[PDB]
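The file upload.cif contains mmCIF, C-alpha atoms and all ligand atoms:
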```cif
data_data
loop_
_atom_site.label_atom_id
_atom_site.label_comp_id
_atom_site.auth_asym_id
_atom_site.auth_seq_id
_atom_site.Cartn_x
_atom_site.Cartn_y
_atom_site.Cartn_z
CA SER A 1 133.71 63.47 66.14
CA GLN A 2 132.56 60.33 67.98
CA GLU A 3 133.35 58.31 64.82
CA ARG A 4 136.86 59.78 64.58
CA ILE A 5 137.50 59.38 68.29
CA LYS A 6 136.41 55.77 67.78
CA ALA A 7 138.99 55.21 65.05
CA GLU A 8 141.67 56.84 67.22
CA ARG A 9 140.83 54.84 70.35
CA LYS A 10 141.32 51.63 68.35
CA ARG A 11 144.51 52.89 66.67
CA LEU A 12 146.27 53.97 69.89
CA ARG A 13 145.00 50.84 71.63
CA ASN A 14 146.44 48.36 69.12
CA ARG A 15 149.61 50.46 69.04
CA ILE A 16 150.12 50.56 72.80
CA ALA A 17 149.45 46.80 72.89
CA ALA A 18 152.19 46.34 70.31
CA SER A 19 154.48 48.52 72.43
CA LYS A 20 153.90 46.18 75.39
CA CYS A 21 154.61 43.02 73.38
CA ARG A 22 157.77 44.47 71.83
CA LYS A 23 159.39 45.00 75.23
CA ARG A 24 158.30 41.60 76.54
CA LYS A 25 159.97 39.99 73.52
CA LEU A 26 163.22 41.94 73.54
CA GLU A 27 163.90 41.50 77.27
CA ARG A 28 163.47 37.77 76.59
CA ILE A 29 165.96 37.64 73.75
CA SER A 30 168.29 39.67 75.96
CA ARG A 31 168.13 37.26 78.89
CA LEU A 32 168.80 34.33 76.59
CA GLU A 33 171.82 35.99 75.01
CA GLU A 34 173.23 36.95 78.40
CA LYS A 35 172.91 33.32 79.48
CA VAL A 36 174.73 32.17 76.35
CA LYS A 37 177.57 34.58 77.16
CA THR A 38 177.57 33.46 80.80
CA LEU A 39 177.87 29.76 79.89
CA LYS A 40 180.55 30.43 77.28
CA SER A 41 182.50 31.97 80.16
CA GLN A 42 181.80 29.36 82.83
CA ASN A 43 183.11 26.92 80.21
CA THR A 44 186.39 28.61 79.30
CA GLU A 45 187.26 28.50 82.97
CA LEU A 46 185.93 25.03 83.61
CA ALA A 47 188.06 23.72 80.76
CA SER A 48 191.08 25.60 82.06
CA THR A 49 190.82 23.79 85.38
CA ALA A 50 189.95 20.48 83.71
CA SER A 51 193.01 20.41 81.46
CA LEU A 52 195.17 21.67 84.33
CA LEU A 53 194.08 18.71 86.43
CA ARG A 54 194.82 16.46 83.44
CA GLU A 55 198.41 17.68 83.31
CA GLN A 56 198.82 17.35 87.07
CA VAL A 57 197.65 13.74 87.09
CA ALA A 58 199.74 12.70 84.12
CA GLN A 59 202.67 14.05 86.14
CA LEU A 60 201.77 12.33 89.43
CA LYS A 61 201.31 9.04 87.59
CA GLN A 62 204.91 9.42 86.43
CA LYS A 63 206.20 10.11 89.93
CA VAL A 64 204.66 6.85 91.12
CA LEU A 65 205.91 4.99 88.04
CA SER A 66 209.43 6.17 88.89
CA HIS A 67 209.54 5.01 92.54
CA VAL A 68 208.67 1.38 91.76
CA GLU B 1 134.15 48.13 48.96
CA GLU B 2 134.82 46.70 52.43
CA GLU B 3 136.34 43.41 51.17
CA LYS B 4 139.47 45.53 50.87
CA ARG B 5 139.11 45.62 54.68
CA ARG B 6 138.86 41.81 54.91
CA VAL B 7 141.90 41.62 52.60
CA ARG B 8 143.98 44.05 54.69
CA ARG B 9 142.89 42.06 57.76
CA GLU B 10 143.89 38.61 56.48
CA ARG B 11 147.04 40.08 54.84
CA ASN B 12 148.60 41.92 57.76
CA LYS B 13 147.68 38.97 59.97
CA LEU B 14 149.86 36.63 57.95
CA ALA B 15 152.48 39.40 57.68
CA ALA B 16 152.83 39.84 61.43
CA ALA B 17 153.41 36.09 61.28
CA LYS B 18 156.69 37.11 59.62
CA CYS B 19 158.35 38.68 62.65
CA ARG B 20 156.75 36.11 64.97
CA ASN B 21 158.62 33.36 63.13
CA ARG B 22 161.75 35.50 62.85
CA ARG B 23 161.76 36.01 66.62
CA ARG B 24 161.23 32.27 66.95
CA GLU B 25 164.20 31.56 64.67
CA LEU B 26 166.34 33.82 66.86
CA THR B 27 165.05 32.70 70.26
CA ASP B 28 165.20 29.01 69.37
CA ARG B 29 168.72 29.45 67.96
CA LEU B 30 169.64 30.86 71.35
CA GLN B 31 167.70 28.16 73.22
CA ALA B 32 169.50 25.34 71.45
CA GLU B 33 172.88 27.05 71.88
CA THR B 34 172.14 27.26 75.60
CA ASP B 35 170.95 23.65 75.89
CA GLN B 36 174.14 22.45 74.32
CA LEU B 37 176.40 24.69 76.37
CA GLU B 38 174.68 23.11 79.36
CA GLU B 39 175.34 19.57 78.17
CA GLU B 40 179.00 20.54 77.73
CA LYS B 41 179.28 22.35 81.05
CA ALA B 42 177.89 19.25 82.72
CA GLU B 43 180.48 17.06 81.01
CA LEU B 44 183.25 19.28 82.30
CA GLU B 45 181.80 19.35 85.80
CA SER B 46 181.88 15.57 86.11
CA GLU B 47 185.23 15.33 84.38
CA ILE B 48 186.76 17.69 86.92
CA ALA B 49 185.13 15.50 89.56
CA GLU B 50 186.68 12.26 88.28
CA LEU B 51 190.06 13.87 87.63
CA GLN B 52 190.31 15.22 91.17
CA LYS B 53 189.22 11.83 92.49
CA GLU B 54 192.13 10.12 90.80
CA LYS B 55 194.54 12.97 91.66
CA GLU B 56 193.91 12.80 95.41
CA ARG B 57 194.23 9.03 95.16
CA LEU B 58 197.64 9.23 93.47
CA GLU B 59 198.77 11.74 96.11
CA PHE B 60 197.84 9.40 98.98
CA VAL B 61 199.61 6.73 96.89
CA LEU B 62 202.94 8.54 96.87
CA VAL B 63 203.08 9.19 100.62
CA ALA B 64 201.23 5.90 101.39
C1 LIG C 101 156.58 41.86 64.02
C2 LIG C 101 155.70 43.06 64.14
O1 LIG C 101 154.53 43.00 63.78
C3 LIG C 101 156.24 44.33 64.72
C4 LIG C 101 155.43 45.12 65.54
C5 LIG C 101 155.85 46.36 66.00
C6 LIG C 101 157.10 46.86 65.63
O2 LIG C 101 157.53 48.14 65.89
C7 LIG C 101 158.26 48.35 67.07
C8 LIG C 101 157.96 46.06 64.85
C9 LIG C 101 157.51 44.82 64.40
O3 LIG C 101 158.41 44.17 63.59
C10 LIG C 101 159.58 45.02 63.44
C11 LIG C 101 159.34 46.22 64.35
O4 LIG C 101 160.01 47.24 64.33
CL CL C 102 142.79 45.02 65.64
CL CL C 103 156.67 30.50 71.36
CL CL C 104 160.87 25.46 71.18
#
```
Show this structure as structure tokens.
Ligand SMILES: *CC(=O)c1ccc(OC)c2c1OCC2=O
Ligand SMILES: [Cl-]
Ligand SMILES: [Cl-]
Ligand SMILES: [Cl-]
Amino acid sequence: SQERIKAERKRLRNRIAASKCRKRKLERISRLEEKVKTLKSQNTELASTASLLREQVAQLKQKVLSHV
Amino acid sequence: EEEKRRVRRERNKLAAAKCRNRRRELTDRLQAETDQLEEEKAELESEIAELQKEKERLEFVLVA
């Protein structure tokens, strides 16, 4: 009946709108969490190289200190 | 009565507010984590820079 169809139009309109918003939110959370994982990697390696350079320079300083 | 309808309206409004603020707790947790990982990444980037500066200098100090 036109009244019933009315009720159903509004039900399956609000519901499909919710189904749009749900996806737009979850893809967002996903991106953010992938970027957190990506930075926590690009930091493990950056600190590897940083502390490696630290050891190398504390060695080269000693070479110079030995030849004077 | 239809004031049950106004009550369901103004109730489920403020209840959807629940997951909106939960999503905000989660997304802003992530956003602050990320900001700070960026501050730290930047520190390391410039520290690598300065370290390599002084390393190449010491190397051209040994030979020269
Ligand atoms: C937060 C909210 O109103 C909402 C809307 C639609 C959903 O179904 C996919 C769900 C929520 O919160 C939890 C959830 O499953
Ligand atoms: Cl509505
Ligand atoms: Cl927001
Ligand atoms: Cl914010």
Which residues are near ligand LIG 101 (chain C) - at most 12 Å, using all atoms listed in the file? Format: as a PyMOL selection string.
(chain A and resi 14-26) or (chain B and resi 12-24)
Next, dump the selected residues to file, keeping only C-alpha atoms, as a PDB file, keeping the file's coordinate frame.
```
ATOM      1  CA  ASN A  14     146.440  48.360  69.120  1.00  0.00           C
ATOM      2  CA  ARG A  15     149.610  50.460  69.040  1.00  0.00           C
ATOM      3  CA  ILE A  16     150.120  50.560  72.800  1.00  0.00           C
ATOM      4  CA  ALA A  17     149.450  46.800  72.890  1.00  0.00           C
ATOM      5  CA  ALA A  18     152.190  46.340  70.310  1.00  0.00           C
ATOM      6  CA  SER A  19     154.480  48.520  72.430  1.00  0.00           C
ATOM      7  CA  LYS A  20     153.900  46.180  75.390  1.00  0.00           C
ATOM      8  CA  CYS A  21     154.610  43.020  73.380  1.00  0.00           C
ATOM      9  CA  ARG A  22     157.770  44.470  71.830  1.00  0.00           C
ATOM     10  CA  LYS A  23     159.390  45.000  75.230  1.00  0.00           C
ATOM     11  CA  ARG A  24     158.300  41.600  76.540  1.00  0.00           C
ATOM     12  CA  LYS A  25     159.970  39.990  73.520  1.00  0.00           C
ATOM     13  CA  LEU A  26     163.220  41.940  73.540  1.00  0.00           C
TER      14      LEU A  26
ATOM     15  CA  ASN B  12     148.600  41.920  57.760  1.00  0.00           C
ATOM     16  CA  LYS B  13     147.680  38.970  59.970  1.00  0.00           C
ATOM     17  CA  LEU B  14     149.860  36.630  57.950  1.00  0.00           C
ATOM     18  CA  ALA B  15     152.480  39.400  57.680  1.00  0.00           C
ATOM     19  CA  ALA B  16     152.830  39.840  61.430  1.00  0.00           C
ATOM     20  CA  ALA B  17     153.410  36.090  61.280  1.00  0.00           C
ATOM     21  CA  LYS B  18     156.690  37.110  59.620  1.00  0.00           C
ATOM     22  CA  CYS B  19     158.350  38.680  62.650  1.00  0.00           C
ATOM     23  CA  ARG B  20     156.750  36.110  64.970  1.00  0.00           C
ATOM     24  CA  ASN B  21     158.620  33.360  63.130  1.00  0.00           C
ATOM     25  CA  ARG B  22     161.750  35.500  62.850  1.00  0.00           C
ATOM     26  CA  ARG B  23     161.760  36.010  66.620  1.00  0.00           C
ATOM     27  CA  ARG B  24     161.230  32.270  66.950  1.00  0.00           C
TER      28      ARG B  24
END
```
With a distance cut-off of 7 Å and only C-alpha atoms, select the neighbouring residues of stretch 48-59 of chain B, excluding the residue or stretch itself and same-chain residues fewer than 5 positions from it, and output the selection as a count of residues only.
6
Can you tell me which residues surround residue A:48 at a distance of at most 12 Å, considering all atoms listed in the file, apart from same-chain residues fewer than 6 positions away, and format the answer as a ChimeraX atom specification?
/A:41-42,54-55 /B:44-45,48
When the cut-off is 12 Å and you count all atoms listed in the file, which residues lie near ligand CL 104 (chain C), shown as number ranges by chain?
B: 21, 23-32, 35
Residues just named, written with C-alpha atoms as a PDB file, in the frame of the given file:
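That gives us result_4.pdb:
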```pdb
ATOM      1  CA  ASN B  21     158.620  33.360  63.130  1.00  0.00           C
ATOM      2  CA  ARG B  23     161.760  36.010  66.620  1.00  0.00           C
ATOM      3  CA  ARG B  24     161.230  32.270  66.950  1.00  0.00           C
ATOM      4  CA  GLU B  25     164.200  31.560  64.670  1.00  0.00           C
ATOM      5  CA  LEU B  26     166.340  33.820  66.860  1.00  0.00           C
ATOM      6  CA  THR B  27     165.050  32.700  70.260  1.00  0.00           C
ATOM      7  CA  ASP B  28     165.200  29.010  69.370  1.00  0.00           C
ATOM      8  CA  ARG B  29     168.720  29.450  67.960  1.00  0.00           C
ATOM      9  CA  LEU B  30     169.640  30.860  71.350  1.00  0.00           C
ATOM     10  CA  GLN B  31     167.700  28.160  73.220  1.00  0.00           C
ATOM     11  CA  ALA B  32     169.500  25.340  71.450  1.00  0.00           C
ATOM     12  CA  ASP B  35     170.950  23.650  75.890  1.00  0.00           C
TER      13      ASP B  35
END
```
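Taking all atoms listed in the file into account, ligand CL 103 (chain C) lies nearest to A:28 out of the set A:35, A:28, A:67, A:11.
Between atom CA of residue A:27 and atom CA of residue B:37 the separation is 21.0 Å.
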Put a box with edges along x, y and z around all the listed atoms of stretch 59-62 of chain A, pad it by 5 Å on each side, then give me its centre and sizes in Å, one decimal, as lines of an AutoDock Vina configuration file.
```
center_x = 203.1
center_y = 11.5
center_z = 87.8
size_x = 13.6
size_y = 15.0
size_z = 13.3
```
